[PDB]
Amino acid sequence: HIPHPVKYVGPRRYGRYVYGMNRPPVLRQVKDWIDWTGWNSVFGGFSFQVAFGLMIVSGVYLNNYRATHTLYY
Amino acid sequence: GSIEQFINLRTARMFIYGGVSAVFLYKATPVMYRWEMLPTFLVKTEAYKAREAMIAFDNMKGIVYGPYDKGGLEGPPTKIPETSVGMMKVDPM
Amino acid sequence: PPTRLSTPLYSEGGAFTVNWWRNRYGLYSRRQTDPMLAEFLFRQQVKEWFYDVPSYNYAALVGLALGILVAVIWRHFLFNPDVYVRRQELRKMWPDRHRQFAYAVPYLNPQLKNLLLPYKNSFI
Amino acid sequence: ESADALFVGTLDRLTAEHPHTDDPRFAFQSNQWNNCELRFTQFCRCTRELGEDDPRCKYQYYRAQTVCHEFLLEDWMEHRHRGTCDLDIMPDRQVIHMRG
Amino acid sequence: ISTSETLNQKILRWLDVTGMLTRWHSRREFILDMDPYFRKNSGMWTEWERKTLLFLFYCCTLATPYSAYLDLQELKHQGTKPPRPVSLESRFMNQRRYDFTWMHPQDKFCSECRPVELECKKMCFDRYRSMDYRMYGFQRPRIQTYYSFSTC
Amino acid sequence: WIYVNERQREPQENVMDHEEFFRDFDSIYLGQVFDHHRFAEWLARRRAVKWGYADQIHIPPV
Amino acid sequence: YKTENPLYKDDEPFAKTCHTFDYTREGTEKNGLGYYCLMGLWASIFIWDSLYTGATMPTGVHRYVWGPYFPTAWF
Amino acid sequence: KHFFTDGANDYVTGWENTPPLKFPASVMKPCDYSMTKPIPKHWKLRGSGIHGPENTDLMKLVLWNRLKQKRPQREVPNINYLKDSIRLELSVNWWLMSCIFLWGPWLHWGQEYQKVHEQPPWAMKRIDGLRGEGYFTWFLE
Amino acid sequence: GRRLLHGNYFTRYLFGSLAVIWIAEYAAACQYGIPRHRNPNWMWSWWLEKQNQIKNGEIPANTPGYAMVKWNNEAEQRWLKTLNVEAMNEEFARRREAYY
Amino acid sequence: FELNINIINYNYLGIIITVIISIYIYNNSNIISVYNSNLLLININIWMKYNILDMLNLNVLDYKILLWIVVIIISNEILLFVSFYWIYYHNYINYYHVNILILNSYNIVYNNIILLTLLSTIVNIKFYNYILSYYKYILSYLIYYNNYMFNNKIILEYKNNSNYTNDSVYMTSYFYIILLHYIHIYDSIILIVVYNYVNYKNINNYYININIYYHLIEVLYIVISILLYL
Amino acid sequence: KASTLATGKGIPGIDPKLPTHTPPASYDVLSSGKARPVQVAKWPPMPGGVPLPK
Ligand SMILES: CCCCCCCCCCCCCCCCCC(=O)OC[C@H](COP(=O)([O-])OCC(O)COP(=O)([O-])OC[C@@H](COC(=O)CCCCCCCCCCCCCCCCC)OC(=O)CCCCCCCCCCCCCCCCC)OC(=O)CCCCCCCCCCCCCCCCC
Ligand SMILES: CCCCCCCCCCCCCCCCCC(=O)OC[C@H](COP(=O)([O-])OCC(O)COP(=O)([O-])OC[C@@H](COC(=O)CCCCCCCCCCCCCCCCC)OC(=O)CCCCCCCCCCCCCCCCC)OC(=O)CCCCCCCCCCCCCCCCC
Ligand SMILES: CCCCCCCCCCCCCCCCCC(=O)OC[C@H](COP(=O)([O-])OCC(O)COP(=O)([O-])OC[C@@H](COC(=O)CCCCCCCCCCCCCCCCC)OC(=O)CCCCCCCCCCCCCCCCC)OC(=O)CCCCCCCCCCCCCCCCC
Ligand SMILES: CCCCCCCCCCCCCCCCCC(=O)OC[C@H](COP(=O)([O-])OCC(O)COP(=O)([O-])OC[C@@H](COC(=O)CCCCCCCCCCCCCCCCC)OC(=O)CCCCCCCCCCCCCCCCC)OC(=O)CCCCCCCCCCCCCCCCC
Ligand SMILES: CCCCCCCC/C=C/CCCCCCCC(=O)OC[C@H](COP(=O)(O)OCCN)OC(=O)CCCCCCC/C=C/CCCCCCCC
Ligand SMILES: CCCCCCCC/C=C\CCCCCCCC(=O)OC[C@H](COP(=O)(O)OCCN)OC(=O)CCCCCCC/C=C/CCCCCCCC
Ligand SMILES: CCCCCCCC/C=C\CCCCCCCC(=O)OC[C@H](COP(=O)(O)OCCN)OC(=O)CCCCCCC/C=C/CCCCCCCC
Ligand SMILES: CCCCCCCCCCCCCCCC(=O)OC[C@H](COP(=O)(O)O)OC(=O)CCCCCCCCCCCCCCC
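Residues numbered from 1 in each chain as written, not as in the entry; some residues may be left out. Chains lettered and ligands numbered in written order. Part of a larger assembly, values for the part shown. Heavy atoms only, no water.

- Structure determination for this entry is recorded as cryo-EM, at 2.2 Å resolution.

Spelled out as structure tokens, the structure:
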């Protein structure tokens, strides 16, 4: 373990919830939440499915389309 | 000069963004149709109709009473066993 | 091997070093309860095992055996015609497995077989 | 009439002219079970195209006998005659690609 | 309709009908929703831990309906599984050295049928019934029973 | 309860004739995905014919 | 007075003693550029093998501007 | 962390080999007397000399490890520690999201295409007359 | 807080191992010169010719493979007695008209 | 002072449990086996009672000893699955060209993966609450619903499958590998039914054991899914 | 903060007194004293900055 600072640089408090007034845009809020809880969990969790999905769906071009246009017989 | 008045940055982000979107849909929609990506209820592809036209629900043949077909000229049994006749508890009609 | 805790132990950088070993040696230890005692026990183990000259001979042997073990396992999967991992050829009858048959002849003629077969006359 | 004619055309020809020698596809292994299955499948396909009476398919059966023990062939030939030999099932009636 | 609130406030209110959003945005509301015994330990929680716990909890519960939908579709698929061709008994298919009796070592019901071969057992139970020996199952039409997942 | 509830029902028609299946492969193999309601009704009628209680039951129309 | 929110404070260092823990020179904390290069190569080999099926069976005709013993010929 | 380790992740007893960095060295310090200057010859050994509680630092380490177990408030860790504590939980949750929103859509698309064209969209169409879906994972063919 | 394994060990040794396996396999193929083009079809030449004839329309559609061979097993002889390709085609034609 | 360890002098469960095992061999009726299994369950519970009572000794090494025992047990479970994978892949050369219908790669795999992932998320939330000294009643009932669906799906799949154990070594290995996973799912039900809040918290070996075991079952299914369905 | 060279005195960005960039400030009158002319464009600029004849 190497000690290191906290990388979160977004706002630390939005203030008291008052019927959802004076709060950031929703997309900005989603970005802040993932910054707060760590992008490392997002990348690790999504990595496996992204790798599998890309490999399978790439065959639409690599295996199906190219093969039809590239058969020397 | 008479058209300069109609350029107002909203018209430039409604023509430029609206124009690129139109090209994207114009060029992408045929591809989605070909690859069966469009919703079925919205439209059915010709390939979809060709397959569906081959489907019927009135075939009552091939009923067999054995797990295996052991070859030969007789094939799997096709007659219900006598002991199994009238063994179903059917609610009154 | 120093005998005084004041004298530091030289360590290199990397994944297998004195510092790397110190960090992990006492993770599961109930006996290393303070710095002085922890260092004493750490140096005791390092002195007993890593400064023992004959121990390095066994390190060489495990490396050689494992190296051969990994190579033979990998070679079977990569080159052996009879070993199947992909399924394209297994979905066809035997006469149609053209791609698999490509492994047969080259796998039948490894270099060492050619070198050593001529030495049969030392036995017969 | 060429020195390498055996290899040319097919790998099959190699053991057709030298029935009692190793087949190039299975020479690496002592176990010849897969060799027997390939030979039998070849005999099954010959009859479909040429018919049993053809001398070619008669020799293909002999090639199978060169590597297949008789107790195997008798059982497999029985399945072929009935129509349950998985080797001889016609391609359009295979189920290998069904349900996955 | 109510015009005393914005459209966003109205949408948030209804999504909060069970109080989930209110508990998320109020520490006091969250701790008071705990039972008294566990509220004793709530003071030690950081806001990071509290909201992170709710995020994991809400994602799990919100995903449960989706899994239920998949399971229901799976049950419907199995409930109306299309028939498949009868298997040709190949060279190494359907080999038996002895009858199937490991389920019933002493009774030896359906010795010829395999442990989960339902159609074989049905005809075998019918023989036993015809011999004045009761057996349970395979008598009610699938469309006349509940939980069949085979109704039109 | 799951086992007991299912055991009461007649078994589904697991298999059919080998040749008849292939002569109507598209309908049988793909019938479920295209129209599951009609396909389910078709299965019920076959089960009624198979076990000889078709005349004793009224299969709802689809 | 002035205070720091504990949530955003830095990690405490290992104590400096006779028995000091140090991971600074190990280089095991995170995957490095070499790992991401291996991933890039794996993607390239995966795409390349599918795109160009005849790559494994290359042509035997050899044509060199400066012959076969010139460095550019070797690669 | 989930797994218990006597050295680092000792949550069963809470023992720590060294005191907190908050305390001044005068108040409490790590138990290290490796740098002790040579003892004068005229000094005489009164105690055992055995490593143990006679040494002040070890006594204070034992005392603190027992008396630290009651504290008025929580000692709040930084967000880095809190992230690490539930790293597996957060990652499994994101994996569930990926299955629902990435795998599900393209798996559904493949089945629909397979219905119309007899084979998945990522497979070469056959010309050999065999019927059925065929393989799914094309790159393992 | 002390670490025993690589900071990203799980992803490192899973994706890393898969990458090394894939790259090693490509190297092995190059050394042995194995063809890497994928064929999803059976290679029986006579059968492929018959399938092409069906596609060209020379052979009536939905004609079984056993209807085209020179040797039939017992099970196929059973099926040939009930085979009516002409009737099957008419039934399919009727279905298309109803659908459209 | 006191002895480092409070010795256990006598025990009689060992005789009872061993005799219960023998009754399985010497049965003349399968009904006796069913009732014998209940006795085994009862006596194993008594042994678990002794472990809880040992807390009175206040021995720091007791937690560590039991934790490492579980690690060894986990390894044995993994190696048992390895043998089944070994059996499956030995006959790999005989698969995929025999006239049997192998399982689809679209329906069963996806819902099971989704279903088992939810099970992991529930257990993860239990661990988080255990860290925070907190409890949520609904969590246990989510597991029961999860286990109910898994049982319902697997039962139907076996009954509607058109191939049998005697058809091919492929089918035998498919059924056996899936059953072995189910048995480990059922063992999880045996463990999770007693989940409660205990006020001595992080010195309770049960919580760490359950988290490790549930994770093992789920990861094993990923390997099974890749081998058989995909 | 930026009190000594070690703390960052004289380093743009770190030192408060020195800005990261020194862009010229806008003006409303030319140095001659003429008012700065204003031109509101409605079409993109010429490809090469070519001026049109008066
Ligand atoms: C391709 C796509 C598909 C992929 C499919 C993949 C399938 C995988 C199947 C896996 C099945 C599930 C198994 C794990 C279930 C539990 C999961 C869990 O809870 O994880 C989170 C959790 C994370 O822990 P944490 O403390 O929160 O860590 C926080 C951070 O991660 C940071 O933590 P940290 O780094 O600071 O370290 C703390 C933590 C770090 O540890 C972990 O977190 C462990 C994570 C493991 C996850 C699984 C990854 C795969 C591992 C493969 C190992 C292969 C072994 C070699 C095989 C050789 C074959 C020839 O330490 C521990 O927890 C210690 C645990 C005790 C380890 C005991 C090991 C005994 C065996 C030693 C080797 C024996 C051979 C010696 C040979 C040489 C002789 C000279 O893990 C645990 O706590 C699990 C520990 C308890 C279970 C251990 C099981 C050990 C089994 C040993 C088998 C030995 C067999 C030897 C013979 C074999 C050949 C004959
Ligand atoms: C002119 C022509 C132009 C042509 C242009 C062509 C363009 C082509 C584009 C190609 C692009 C290629 C890109 C390559 C470079 C990639 C660079 C990169 O980012 O690499 C690293 C990147 C990520 O690695 P990383 O940086 O280490 O990750 C950072 C982490 O945050 C590290 O942080 P961490 O370690 O803290 O992470 C969190 C970690 C923290 O760990 C812990 O908390 C400690 C405990 C760990 C041990 C856990 C033990 C077990 C846990 C139990 C719980 C299980 C829950 C689930 C239960 C399921 C039950 C069913 O925990 C976890 O991650 C594990 C727990 C989460 C749940 C695990 C779920 C199970 C996983 C195992 C099974 C996986 C297989 C599933 C298969 C499906 C289902 C069967 O790697 C990849 O993404 C892999 C590369 C894939 C390459 C594919 C190439 C082929 C495809 C090409 C597609 C395009 C072709 C199109 C055609 C073109 C024709 C021309
Ligand atoms: C105008 C009204 C509009 C209503 C719209 C419908 C909304 C229905 C929502 C149902 C959500 C169920 C989620 C189940 C997972 C477990 C949830 C949980 O953790 O509960 C903890 C909660 C409290 O646990 P605790 O341990 O005391 O506290 C733990 C926390 O500290 C504190 O826990 P917490 O307070 O944070 O809990 C947060 C939340 C966490 O969960 C969620 O937020 C998940 C939300 C998922 C939404 C699912 C919507 C499904 C709707 C599908 C409709 C499809 C229609 C198709 C049409 C086809 C046309 C052809 O949990 C709940 O709020 C669960 C529901 C509570 C209701 C309990 C009373 C009995 C059921 C009443 C149902 C009334 C329905 C009225 C419909 C009227 C429509 C005009 O547990 C209970 O209350 C006890 C057990 C009962 C809960 C489950 C009740 C299931 C009711 C299902 C109703 C919908 C059926 C749709 C059938 C469609 C067939 C086609
Ligand atoms: C699907 C997704 C698609 C995503 C789309 C995303 C779109 C994003 C937004 C796009 C917005 C574009 C417009 C914004 C305004 C322009 C930008 C601007 O002013 O920036 C400031 C920028 C610089 O500002 P400044 O620094 O303040 O000005 C100082 C200087 O006075 C001026 O600065 P300077 O002195 O530096 O010079 C400016 C510039 C001069 O400006 C340009 O060069 C502009 C070029 C525009 C080209 C557009 C047409 C070509 C593309 C056609 C695509 C067809 C697609 C067909 C699809 C079919 C589908 C079925 O010169 C250079 O930068 C020097 C370039 C040197 C390299 C040249 C290399 C040439 C190599 C050729 C080799 C060929 C060899 C083979 C022979 C081939 C023979 C054919 O201003 C300029 O660049 C001024 C000129 C602007 C001209 C804009 C022309 C727009 C044309 C639109 C045509 C639409 C037709 C629609 C047809 C019907 C539709 C249904
Ligand atoms: C100014 C520019 C604006 C641009 C806006 C772009 C909008 C793009 C919107 C894209 C929407 C795509 C929706 C795809 C949903 C597919 C759902 C689906 O297939 O559901 C079925 C499947 C389960 O079905 P089964 O029968 O079980 O089969 C699979 C397992 N056996 O369920 C799921 O897939 C559930 C997951 C739902 C995924 C939803 C994806 C939504 C994507 C939204 C993208 C929005 C982009 C916005 C961009 C804005 C830029 C300014
Ligand atoms: C066991 C089968 C399981 C199938 C699982 C399917 C999912 C695939 C992904 C996970 C498994 C990893 C394998 C991926 C392979 C990808 C490339 C591929 O298809 O390779 C096929 C290729 C061979 O297939 P065929 O062409 O049919 O045979 C030709 C003649 N033999 O397979 C291989 O060579 C790779 C298979 C082995 C991979 C595992 C690594 C092998 C070495 C193990 C060494 C073990 C000893 C100890 C090592 C210590 C290391 C620190
Ligand atoms: C209050 C009552 C509650 C009941 C419900 C809840 C509790 C449930 C407990 C867990 C049940 C787990 C059951 C595990 C065995 C499942 C058996 C099974 O399915 O076997 C069949 C399945 C597939 O077979 P086919 O029918 O050919 O498949 C074709 C598909 N149509 O696999 C097998 O055949 C293998 C069978 C292995 C059974 C092993 C179980 C242990 C049996 C031991 C008997 C020993 C008897 C000798 C005396 C010693 C007594 C200990
Ligand atoms: C017991 C069986 C276990 C399972 C089987 C495992 C077998 C394989 C295991 C390998 C080790 C896995 C972990 C690897 C971790 C890792 O990535 O480790 C990453 C390291 C770099 O480390 P850092 O980046 O962390 O410092 O990479 C390496 O040391 C090697 C990989 C980098 C890329 C190598 C390039 C190879 C070139 C090949 C020729 C290409 C030709 C192209 C022509 C155009």
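## Re the overall build of chain I
Item 1. Helices and strands together make up the secondary structure of chain I, namely four helices and zero strands.
Item 2. Order of helices (α) and strands (β) in chain I, N terminus to C terminus: α-α-α-α.
Item 3. The globule rule puts the C-alpha radius of gyration for 100 residues at 13 Å, and the 27 Å found for chain I is more than 25% above it.
Item 4. Principal-axis analysis of the C-alpha atoms places the extent of chain I at approximately 80 × 40 × 30 Å.
Item 5. Expressed as a percentage of its 100 residues, the buried residues of chain I come to 46%.
Item 6. Separation between the mean location of the 13 positive side-chain charges and that of the 9 negative ones in chain I comes to 18 Å. (Helix = DSSP H or I, 4+ residues; strand = E, 2+ residues; numbered from the N terminus. Rg over C-alpha atoms; globule rule 2.2 N^0.38 Å. Buried < 20%, exposed > 50% of the residue type's maximum accessible area, 1.4 Å probe, protein only. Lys, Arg positive; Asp, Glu negative; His and termini not counted. Charge placed at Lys NZ, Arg CZ, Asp CG, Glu CD.)

## Re the UniProt feature "transmembrane region" (unreviewed entry) in chain I
Item 1. UniProt tags residues 13–34 of chain I as "transmembrane region" (unreviewed entry).
Item 2. Along residues 13–34 of chain I one finds 91% helix and 0% strand; the C-alpha atoms at either end are 29 Å apart. (UniProt positions renumbered as here; feature names shortened; annotations may be inferred.)

## Focus on the packing of helix α5 (residues 138–160) of chain J against helix α6 (residues 169–192) of chain J
All names here are of chain J.
Item 1. The geometry of α5 relative to α6 is characterised by a closest axis approach of 11 Å and an angle of 155 degrees between their N-to-C directions. Judged by the angle between their axes, α5 and α6 are roughly antiparallel. For the element pair α5 and α6, the recorded crossing hand is left-handed. Between α5 and α6, the contacting residues are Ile 143, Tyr 144, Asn 147, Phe 150, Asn 151, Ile 154, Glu 157 and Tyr 158 on the first element and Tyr 174, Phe 175, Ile 178, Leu 179, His 181, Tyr 182, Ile 185, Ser 188, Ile 189 and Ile 192 on the second.
Item 2. Residues belonging to the contact of α5 with α6 are distributed by class as follows: 13 nonpolar, four polar and one charged. (Axes fitted to C-alpha atoms, helices over the stretch in contact; angles between N-to-C directions. Parallel < 35°, antiparallel > 145°, perpendicular 65-115°, else oblique. Left-handed = near helix turned anticlockwise from the far one by under 90°. Contact = heavy atoms within 4.5 Å. Nonpolar A, V, L, I, M, F, W, Y, C, P; charged D, E, K, R; others polar.)

## A closer look at the environment of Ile73(J)
Item 1. Mapped onto the secondary structure, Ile73(J) falls in helix α3 (residues 61–90).
Item 2. When the C-alpha positions of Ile73(J) and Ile224(J) are compared, they lie 20 Å apart, and in sequence the two are 151 residues distant.

## Some details on the site of ligand 2
Item 1. Around ligand 2 there are 38 residues in total, and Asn40(A), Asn31(G), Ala43(G), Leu88(H) and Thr11(I) lie nearest to it.
Item 2. Among the chains of the assembly, those with residues near ligand 2 are chains A, G, H, I and J.
Item 3. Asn40(A) has a polar backbone atom sitting 2.7 Å from an oxygen atom of ligand 2.
Item 4. One of the side-chain N or O atoms of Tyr36(G) is found 3.4 Å from an oxygen atom in ligand 2.
Item 5. About the coverage of ligand 2: the protein hides 73% of its 2200 Å² of free accessible area.
Item 6. Listing elements by their share of the shell around ligand 2, those giving two or more residues are α2 (39–69) of chain A, α1 (33–51) of chain G, α3 (87–117) of chain H, α1 (9–32) of chain I together with α4 (107–132) and α7 (205–229) of chain J. (Near = heavy atom within 4 Å. Polar contact = N/O pair within 3.5 Å; in protein donor to acceptor, adjacent residues only side chain to side chain. Areas by Shrake-Rupley, 256 points an atom, 1.4 Å probe, with all protein chains shown as cover.)

## A few points about the packing of aromatic side chains
Item 1. All chains considered together, the criterion is met by 108 aromatic pairs over all chains.
Item 2. When the centroid spacing of 6.2 Å and the interplanar angle of 75 degrees are considered together, the rings of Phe48(A) and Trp95(H) count as edge-to-face. With one member in each of two chains, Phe48(A) in helix α2 and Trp95(H) in helix α3 form a pair that bridges those chains.
Item 3. Sitting above the plane of the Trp76(D) ring, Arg91(E) keeps its charged end 4.5 Å from the centroid.
Item 4. Above the face of the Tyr27(K) ring, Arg36(K) is positioned so that its terminal group lies 4.0 Å from the ring centre. (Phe/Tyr/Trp six-rings, centres within 6.5 Å; stacked < 30°, edge-to-face > 60°. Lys NZ or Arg CZ within 6 Å of the ring centre and 35° of its normal.)

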